[PDB]
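Descriptive analysis of the structure
Letter by letter, the chains look like this.
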Amino acid sequence: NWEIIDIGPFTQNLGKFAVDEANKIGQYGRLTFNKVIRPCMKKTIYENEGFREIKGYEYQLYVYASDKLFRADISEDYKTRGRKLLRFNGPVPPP
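Residues numbered from 1 in each chain as written, not as in the entry; some residues may be left out. Heavy atoms only, no water.

Method of determination, as given in the entry header: X-ray crystallography; reported resolution: 1.89 Å.

**Things to note about unusual backbone geometry**
It is generally the case that most residues other than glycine have a negative phi and that most peptide bonds are trans. The line we're drawing: The helix and strand labels rest on DSSP assignments: H or I over at least four residues marks a helix, E over at least two residues marks a strand, and numbering proceeds from the N terminus.
Looking along the chain, the bond that leaves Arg38 and enters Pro39 is cis, with omega of -5°. Its location among the elements puts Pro39 in strand β2 (residues 33-46). In this chain, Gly90 is followed by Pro91 through a cis amide linkage whose omega measures 0°. Even without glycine at this site, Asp67 takes up a positive phi of about 60°. By the secondary structure assignment, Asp67 is in the loop between β3 (54-65) and β4 (68-77).

Here is the structure:
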């Protein structure tokens, strides 16, 4: 239920979401999105009683902002197309 995904536009836009969310919290001041780097991890979350009904996803991203590397965890739900920043912290050293 985990897989590595690539770092094209959809993944970069997760990173921009994470930075936009992190900026709202302001723990690290105002950050400027740079890029998501590898590796990017995607977890598929299933409904408990479906067969293979996908509820949504959780992503673990390494994202540079304002030249600092952060670890961001995002959840994403079909149904509501809602994204939540679960966690944003750092700076971390590069993986």
